[PDB]
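In structure tokens, one chain follows: the form deposited in one PDB entry.
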């Protein structure tokens, strides 16, 4: 007879109910299961009725794989899922958090902290739009973004993934969501999931909740704050996300007042679902349920029970799916987890899938492959990089001529520093590899290349990575641009109690600036100890992690555009002050939140 869920003309809720009522326990638990591509095969996906796959950081079909190779991979997985009895398509997720950043040749946008510095939510919306196109170029339908953490301590390894320490700025930047997913209708009910169709992706507000509030910025640790503070600082942007139809929410590894987020029924069910009326699906973080216990994974039966009862809908296993499915099945067979809970999880997952058009367009569009790294998107990334720059100093004394903007025509100029010609360093973490990487890891323009592309043909450009003082003094240079900073890092690898840049960095700046007037470009995911760099430099720019389009840096250095970026975080005098945020009592910043010198074009 007629099969309602297969009818594209029927209301989403009708299709959801019709499908749900046909499903066996195994088919239902399969929907709740997300697995890594590294453990997926056609048989595994078919036999276990798997609902979702992901690429973790750096999980790629091949180094340098083309957009078509990605499409072929995703379609091969999809063909297996479509061959099941019910033919429920899988959704494929990826960390596309500053462009489609795992993918070779993808446009790499500035990281979130720099986007916060722009104070330009419409720019961020356009970045979401471009990112959706480059993710669909690879056949992928779901991005784990935006991170709406409010980082309250820059010692956190994920501080660069937060737009600001000020929740008001984070709230404004939730415009990424309708960029990625499309604008919601006039009639829209807050909390409903939304994706416009095959040229957009499902988004993910992460990580719920208070991930940016942990003690000493220790990643995955304890957020100690009363309910009022949780609701005033860490929660507000989630409500904006509901208003804009975010399709999914990912749960944080962190704890609130000692209670693991992955086990918190009061917040996940009581608040997110029952109070905010979220109707999309809730997803775990990677082995998030394992990490409920100490040691992690020491009581997986408990992990499954606690997380599913808390209200999570889809589990990013991501590897041991056999164990996950077996344990959840036993819990349901034994009455420990009621069918109502399973039915709720599956309802939400299917709602998102039907809503986004996944049943109508389960396969990749080969015509989208050319969106990957499209020059228009690079032009946008270049605009964003330029807008993100914060000018901290532009002259050593009030009577000095301003160094910036620099003249494009000069007999000879020096470009120096570990970060001047290093594409991986200027991109930072979550770029090609999970942790990011060093060197020419993808398609882009380094600071050095951008300088050579900007200057007059008569201008001789010299590169020296770490020149000594004599080299500089003897070189006959008009000025120098010197770029130094943090190395790429991600998650716990980024946790840092000292926030001092690696050497050589300061020594290079001192040697260069001692010999010629210098503009120092600081590449970092966060404020770092900066007084010694300031003391040496004529001008200093906080460029954050500007991404693949290094011409954004030179656009401002050479005065094509004026500097406009303003600090989205407090710049501390010392790490012993931390945590120290705008609005605190005894706030004693080196540079307050909102600080930024300006220049004018030309």
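Numbering follows the first chain given and starts at 1. Whichever C-alpha set is largest while still superposing within 1.5 Å between the two forms counts as the rigid core. Residues that one form lacks are left out of the comparison.
- Mean C-alpha B-factor is higher over 566 to 574 than over the other stretch, the pair under comparison being 541 to 549 and 566 to 574.
- Stretch comparison (297 to 305 versus 478 to 486) by mean CA B-factor in the PDB entry places 297 to 305 on top.
- For the set 181, 214, 248, 100, the PDB entry puts the maximum C-alpha B factor at 214.
- Per the PDB record, 166 has a higher Cα B-factor than any other of 313, 166, 433, 95.
- When the modelled residues of the chain are ordered by their C-alpha B factor, residue 121 lands in the middle third.
- Sort the chain's modelled residues by C-alpha temperature factor and residue 468 lands in the highest third, per the entry.
- The entry lists a Cα temperature factor for residue 560 that places it in the highest third of the chain's modelled residues.
- Sorting the modelled residues of the chain by their CA temperature factor places residue 69 in the middle third.
- Residue 286 sits in the lowest third of its chain by CA B factor, as recorded in the PDB entry.
One more form of this protein should be noted, the form deposited in another entry, which is absent from this view; the next part is about it.
- Candidate set 583, 21, 594, 11; criterion, C-alpha shift of 2 Å or more between the shown form and the other one after rigid-core fit; matching residue, 583.
- Regions that shift between the shown form and the other one, defined as runs of three or more consecutive residues whose CA atoms all move by 2 angstroms or more after core superposition, comprise 491 to 493, 582 to 586.
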